[PDB]
Amino acid sequence: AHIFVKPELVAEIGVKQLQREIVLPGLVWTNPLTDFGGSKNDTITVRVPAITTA
Amino acid sequence: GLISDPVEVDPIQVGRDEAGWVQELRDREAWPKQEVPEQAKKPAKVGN
Amino acid sequence: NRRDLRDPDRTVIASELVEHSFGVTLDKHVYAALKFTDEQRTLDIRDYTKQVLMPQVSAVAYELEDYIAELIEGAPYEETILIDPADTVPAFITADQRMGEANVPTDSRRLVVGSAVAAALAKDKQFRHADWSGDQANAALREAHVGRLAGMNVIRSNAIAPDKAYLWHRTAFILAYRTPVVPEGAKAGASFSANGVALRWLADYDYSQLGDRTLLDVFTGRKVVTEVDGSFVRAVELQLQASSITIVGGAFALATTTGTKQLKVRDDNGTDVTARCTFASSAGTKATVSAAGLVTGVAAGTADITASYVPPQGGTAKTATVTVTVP
Amino acid sequence: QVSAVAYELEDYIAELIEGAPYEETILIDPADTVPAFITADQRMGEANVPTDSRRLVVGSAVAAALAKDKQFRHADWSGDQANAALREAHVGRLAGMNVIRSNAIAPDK
Amino acid sequence: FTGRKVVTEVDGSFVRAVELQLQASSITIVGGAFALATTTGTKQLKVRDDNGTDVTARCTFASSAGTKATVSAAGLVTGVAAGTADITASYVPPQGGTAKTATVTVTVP
């Protein structure tokens, strides 16, 4: 029988590994504090305003 | 000591750990749900 | 990856990215062949174009549809999303969930249901009752079809099994067609078309049989797009859930002592499950039932024929018993 | 590489959200899912949290259970004659907060 | 570089976010009771609940017949010797309390 020799072929038809979408980062509170290296211990101190009772 | 020596522990990191404001959370993949770590429920410091 | 800031150990672990691949093969020779003795060609065939070529094209088109349906139904499905006939919508919503939790794109999805599934959708109280489904201008009741459910249009087809539905993304199933070339030795022949597929028509005169011969064919190949881990997530299969089966016709008497009869078993949905049942005879001395539901009588007297059907949900086989009386 | 880092950042945020210290986890009954969300609204109204700028991110299974609920499927039980929960699968607004579906969080949360 | 924080109250209680979880009433094993092809063969059990979620990572597996087939703590099960083994998967639901149980039978050739 005839034994032809043919090359391997690799093609891309648009099938890809399925991966979810990115929705979380657009929801959380990003960068309300910026200068972290300026303060000591990489810690910014946030102050809660005082409250009083009559 | 020497440049080739392994990196020494950061004093900034030591102080930050001492202040204890780094955020630790429950594991997502632990069943049953883990207890709240003692750091996550500490009260706010009384003095600014 | 992720590492703690200011960590004393400055070690990063490399991430390795790999590429995967899969093979698409051409391995079928759908064809339709005909022979015509010279007497038939001169006399029987009044209009060759209409009496011969058109039936061949239609037959090969139906065979191609059967090939596609075999591809769709035979794909490796991990689990079958059972449809409860009393309340069918949760099954379809679960199918949508399973495809959406695998991040399959939401567009270009096809939902093809059998005849039984469409009938069940029409008979479902969710769609039939106006208050439960909006649409006070009732469509599942006045007409007998539901237009759209669970965010996907429904398409009926008799090619697939009656009680099956398939929801698949465009990129799940791949088909390939190669039209054979007309060999130089063989006489030149025209090329026809079936559902947009080009097919080669070839003619050759058999002098030994003193008759013409024709052959209309095409090369076909199919592929199911699995995932890199071997799982199949691009398509989901739904099957109607059968509660009980009944043998149509009730108690019946054979015509003669050596009479024969063909049985038909229908589940509560009316679907013919005769090819999916196993038949047994209480007394084979007088009446014997084959594996295909063909009951025959070998001696006079009364016997019991039972049919056992393993439901799509599995478990204990539903049993339907009937009594035959050979005269 | 950029896609991997983006997904790692989203996983970081999801770890933050799910790992937060919660005293209790409100249980959603699949047969009746609305009381759980009204109870969540009650819990946050009791603590005097402002009403505006509230986000509700549900896992895939929770959204499926919302769609499967008779409270949203049956048009006589939810108004909405053009049945959104049956013709389509999204439920949309629920107990005064737009539902956002995300696969980063655990499926049934 | 990145950092995350939750805004707890003055006394440490967290009241600005609520977690809701979907109840589970029963668990099943995908694939039903089927026999293993060979002793060296391995099969990864899949567990689900009535909600449709995947709870395989949340279940604990045990084997009645250890000398026939042994199941790992992650659901993977491998045969040992010919016979029958009654594998069980126990899942403690989010509601807590009694653990739901799913039983499967595996036949080792």
# chains A, B, ... in the order shown; residues from 1 in each chain; ligands from 1
call {"tool": "interface_residues", "arguments": {"of": "chain C", "to": "chain B", "cutoff": "10 Å", "atoms": "only C-alpha atoms", "output": "list in words"}}
result
residues 5, 6, 7, 8, 9 and 10 of chain C
call {"tool": "write_last_selection", "arguments": {"atoms": "C-alpha atoms", "output": "CSV table (one decimal), in the first residue's frame"}}
result
chain,number,residue,atom,x,y,z
C,5,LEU,CA,5.8,41.9,52.5
C,6,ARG,CA,9.2,42.4,54.0
C,7,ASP,CA,9.6,38.7,54.5
C,8,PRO,CA,13.2,37.8,55.4
C,9,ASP,CA,13.4,35.1,52.8
C,10,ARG,CA,13.4,36.6,49.3
call {"tool": "interface_residues", "arguments": {"of": "chain C", "to": "chain E", "cutoff": "10 Å", "atoms": "only C-alpha atoms", "output": "list in words"}}
result
residues 2, 3, 4, 5, 78, 79, 80, 94, 97, 98, 313, 314 and 315 of chain C
call {"tool": "closest_residue", "arguments": {"among": "E:61, E:76, E:93, E:83", "to": "chain B", "atoms": "only C-alpha atoms"}}
result
E:93
call {"tool": "interface_residues", "arguments": {"of": "chain B", "to": "chain E", "cutoff": "8 Å", "atoms": "only C-alpha atoms", "output": "PyMOL selection string"}}
result
chain B and resi 23+29-32+40-44
call {"tool": "write_last_selection", "arguments": {"atoms": "N, CA, C and O atoms", "output": "JSON list (two decimals), in the first residue's frame"}}
result
[["chain", "number", "residue", "atom", "x", "y", "z"],
["B", 23, "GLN", "N", -3.71, 42.21, 58.76],
["B", 23, "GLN", "CA", -5.04, 41.61, 58.64],
["B", 23, "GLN", "C", -4.92, 40.10, 58.43],
["B", 23, "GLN", "O", -4.33, 39.66, 57.44],
["B", 29, "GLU", "N", -11.20, 27.63, 52.39],
["B", 29, "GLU", "CA", -11.39, 26.22, 52.09],
["B", 29, "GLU", "C", -11.23, 25.34, 53.33],
["B", 29, "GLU", "O", -10.66, 24.25, 53.26],
["B", 30, "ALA", "N", -11.72, 25.81, 54.47],
["B", 30, "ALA", "CA", -11.69, 25.05, 55.71],
["B", 30, "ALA", "C", -13.12, 24.75, 56.12],
["B", 30, "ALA", "O", -13.94, 25.66, 56.25],
["B", 31, "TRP", "N", -13.42, 23.47, 56.32],
["B", 31, "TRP", "CA", -14.74, 23.05, 56.76],
["B", 31, "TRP", "C", -14.62, 22.27, 58.06],
["B", 31, "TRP", "O", -13.82, 21.34, 58.14],
["B", 32, "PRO", "N", -15.39, 22.63, 59.10],
["B", 32, "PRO", "CA", -16.38, 23.71, 59.17],
["B", 32, "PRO", "C", -15.71, 25.08, 59.19],
["B", 32, "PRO", "O", -14.49, 25.17, 59.28],
["B", 40, "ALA", "N", -8.81, 39.93, 64.48],
["B", 40, "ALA", "CA", -9.85, 40.56, 63.67],
["B", 40, "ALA", "C", -10.94, 41.20, 64.51],
["B", 40, "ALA", "O", -11.69, 42.03, 63.99],
["B", 41, "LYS", "N", -11.05, 40.85, 65.79],
["B", 41, "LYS", "CA", -12.09, 41.39, 66.65],
["B", 41, "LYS", "C", -11.53, 42.24, 67.78],
["B", 41, "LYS", "O", -12.22, 42.47, 68.78],
["B", 42, "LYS", "N", -10.30, 42.72, 67.66],
["B", 42, "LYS", "CA", -9.75, 43.60, 68.68],
["B", 42, "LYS", "C", -10.38, 44.99, 68.56],
["B", 42, "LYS", "O", -10.72, 45.44, 67.46],
["B", 43, "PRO", "N", -10.57, 45.68, 69.68],
["B", 43, "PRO", "CA", -11.19, 47.00, 69.64],
["B", 43, "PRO", "C", -10.20, 48.08, 69.24],
["B", 43, "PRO", "O", -8.98, 47.90, 69.31],
["B", 44, "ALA", "N", -10.75, 49.21, 68.80],
["B", 44, "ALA", "CA", -9.92, 50.32, 68.37],
["B", 44, "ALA", "C", -9.15, 50.92, 69.54],
["B", 44, "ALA", "O", -9.64, 50.97, 70.67]]
call {"tool": "closest_atom_pairs", "arguments": {"of": "region 21-69 of chain D", "to": "region 75-95 of chain D", "cutoff": "8 Å", "atoms": "only C-alpha atoms", "output": "tab-separated table"}}
result
residue	atom	partner	partner_atom	distance
D:34	CA	D:95	CA	7.5
D:37	CA	D:95	CA	6.6
D:38	CA	D:95	CA	6.3
D:41	CA	D:95	CA	7.8
D:63	CA	D:90	CA	7.4
D:64	CA	D:89	CA	7.6
D:66	CA	D:91	CA	6.8
D:67	CA	D:85	CA	5.3
D:68	CA	D:85	CA	7.9
call {"tool": "interface_residues", "arguments": {"of": "chain B", "to": "chain D", "cutoff": "6 Å", "atoms": "only C-alpha atoms", "output": "list in words"}}
result
residues 25, 26 and 36 of chain B
call {"tool": "write_last_selection", "arguments": {"atoms": "N, CA, C and O atoms", "output": "PDB file, in the first residue's frame"}}
result
ATOM      1  N   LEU B  25      -7.369  36.538  58.278  1.00  0.00           N
ATOM      2  CA  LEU B  25      -8.737  36.194  57.931  1.00  0.00           C
ATOM      3  C   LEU B  25      -8.924  34.688  58.001  1.00  0.00           C
ATOM      4  O   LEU B  25      -7.959  33.919  58.027  1.00  0.00           O
ATOM      5  N   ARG B  26     -10.184  34.274  58.034  1.00  0.00           N
ATOM      6  CA  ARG B  26     -10.507  32.858  58.020  1.00  0.00           C
ATOM      7  C   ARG B  26     -10.191  32.248  56.660  1.00  0.00           C
ATOM      8  O   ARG B  26     -10.307  32.898  55.619  1.00  0.00           O
ATOM      9  N   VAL B  36     -13.223  33.105  64.350  1.00  0.00           N
ATOM     10  CA  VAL B  36     -12.660  34.429  64.069  1.00  0.00           C
ATOM     11  C   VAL B  36     -11.314  34.561  64.772  1.00  0.00           C
ATOM     12  O   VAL B  36     -11.230  34.330  65.990  1.00  0.00           O
TER      13      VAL B  36
END
call {"tool": "residues_around", "arguments": {"residues": "region 9-19 of chain A", "least_positions_apart": "2", "cutoff": "8 Å", "atoms": "only C-alpha atoms", "output": "ChimeraX atom specification"}}
result
/A:7,21 /C:102-104,171,227-228
call {"tool": "decode", "arguments": {"residues": "region 69-85 of chain E", "atoms": "N, CA, C and O atoms", "output": "compact mmCIF listing (two decimals), in the first residue's frame"}}
result
# COMPACT_ATOMS: atom_id res chain seq x y z
N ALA E 69 -11.39 -1.72 48.90
CA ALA E 69 -11.17 -0.43 48.26
C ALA E 69 -11.01 0.63 49.33
O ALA E 69 -11.78 0.68 50.29
N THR E 70 -10.00 1.48 49.16
CA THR E 70 -9.68 2.54 50.11
C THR E 70 -9.90 3.89 49.45
O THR E 70 -9.48 4.11 48.31
N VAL E 71 -10.55 4.80 50.17
CA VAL E 71 -10.87 6.13 49.67
C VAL E 71 -10.03 7.15 50.42
O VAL E 71 -9.94 7.11 51.65
N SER E 72 -9.40 8.05 49.68
CA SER E 72 -8.60 9.11 50.28
C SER E 72 -9.50 10.15 50.93
O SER E 72 -10.72 10.16 50.75
N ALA E 73 -8.88 11.04 51.70
CA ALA E 73 -9.63 12.10 52.36
C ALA E 73 -10.14 13.16 51.40
O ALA E 73 -10.96 13.99 51.80
N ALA E 74 -9.69 13.15 50.15
CA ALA E 74 -10.13 14.11 49.15
C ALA E 74 -11.15 13.52 48.18
O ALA E 74 -11.50 14.18 47.19
N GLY E 75 -11.63 12.31 48.43
CA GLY E 75 -12.63 11.68 47.60
C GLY E 75 -12.09 10.66 46.62
O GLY E 75 -12.87 9.83 46.13
N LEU E 76 -10.80 10.70 46.32
CA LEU E 76 -10.21 9.71 45.43
C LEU E 76 -10.25 8.34 46.08
O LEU E 76 -9.89 8.19 47.25
N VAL E 77 -10.69 7.33 45.33
CA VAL E 77 -10.81 5.98 45.85
C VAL E 77 -10.16 5.00 44.87
O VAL E 77 -10.31 5.13 43.65
N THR E 78 -9.41 4.05 45.42
CA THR E 78 -8.67 3.05 44.67
C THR E 78 -8.95 1.67 45.24
O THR E 78 -8.98 1.49 46.46
N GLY E 79 -9.15 0.69 44.36
CA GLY E 79 -9.44 -0.65 44.80
C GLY E 79 -8.22 -1.37 45.35
O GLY E 79 -7.08 -0.99 45.12
N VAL E 80 -8.48 -2.43 46.11
CA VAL E 80 -7.42 -3.23 46.71
C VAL E 80 -7.57 -4.68 46.28
O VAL E 80 -6.67 -5.24 45.63
N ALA E 81 -8.69 -5.30 46.63
CA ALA E 81 -8.93 -6.70 46.33
C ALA E 81 -10.40 -6.89 45.95
O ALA E 81 -11.26 -6.08 46.30
N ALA E 82 -10.67 -7.99 45.25
CA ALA E 82 -12.00 -8.24 44.74
C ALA E 82 -13.02 -8.33 45.87
O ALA E 82 -12.73 -8.84 46.95
N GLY E 83 -14.22 -7.83 45.60
CA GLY E 83 -15.28 -7.84 46.58
C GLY E 83 -16.15 -6.61 46.42
O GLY E 83 -16.22 -6.01 45.35
N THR E 84 -16.82 -6.24 47.52
CA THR E 84 -17.68 -5.07 47.55
C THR E 84 -17.30 -4.18 48.72
O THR E 84 -17.04 -4.67 49.83
N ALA E 85 -17.27 -2.87 48.48
CA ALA E 85 -17.00 -1.88 49.51
C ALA E 85 -18.10 -0.84 49.50
O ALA E 85 -18.45 -0.31 48.44
